[PDB]
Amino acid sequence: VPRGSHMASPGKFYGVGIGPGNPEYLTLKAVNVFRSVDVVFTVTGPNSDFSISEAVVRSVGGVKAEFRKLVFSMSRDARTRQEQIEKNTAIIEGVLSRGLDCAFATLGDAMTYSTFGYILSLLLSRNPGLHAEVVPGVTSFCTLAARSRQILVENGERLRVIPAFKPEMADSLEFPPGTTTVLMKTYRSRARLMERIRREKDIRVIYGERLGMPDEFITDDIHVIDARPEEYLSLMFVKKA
């Protein structure tokens, strides 16, 4: 039996990087998307149902969308995190299949160290013809450079970004001359990282906590860094001359 000429328009899906958290660092495109969708999904942890990114998105105004929260597994097994990714993808698919437009809002840039990428990958694999558009956002390291008024990288200097520093990495970490190295998660490995840094020469360090938040702390003094309480939302980059 021939299929027929039925045309059901599924909803449109957006991935939206919203920046480090300051609502002023959203792009105009992000604002237009949030004002053009039915549902906004944001990420929460299992600990609390609070979404920072939901507050950021709501702050911009004109957003009539319904907000829903997705929980992502911060546990170490690949299969449990995969099950959480599959379940959240199914929730999104359920909303899209009824013809509702949805946006997935993520802190930072949507394609750079995000949980959004796993969702988009699975969605496109399962639904090859799906209408999906990605909105880039301002990154945390560019924001740290802006707020500290320190150049991230210029001319023929190379930029390196290292996502998750592990305590068994400080000794192996190299800082080639004329490079800038961003270290993204300095939370519980900061002591060994600082020990490695204090044995290097011709280096400048820019360190930041809570970019765009009330208690935004920025410094370029290593000793101040080592005295600080360990903070999950912390970032640094190391410039080797």
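One rule holds for the numbers: they count along the sequence shown, beginning at 1.
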Which is higher on mean Cα B factor in this entry, 22-30 or 66-74?
66-74
Residue stretch of maximal mean CA temperature factor, 77-85 vs 124-132:
77-85
Among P167, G99, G117, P163, the highest C-alpha B-factor in the PDB entry belongs to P167
Based on what the PDB entry reports, which of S53, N47, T181, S59 has the top C-alpha B-factor?
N47
Looking at the C-alpha B-factor of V1, is it in the lowest, middle or highest third of its chain?
highest
Lowest, middle or highest third: where is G17 by C-alpha B factor in its chain?
lowest
Among the modelled residues of its chain, the C-alpha B-factor of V43 falls in the third labelled middle
Which third, lowest, middle or highest, does the C-alpha temperature factor of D171 belong to within its own chain?
highest
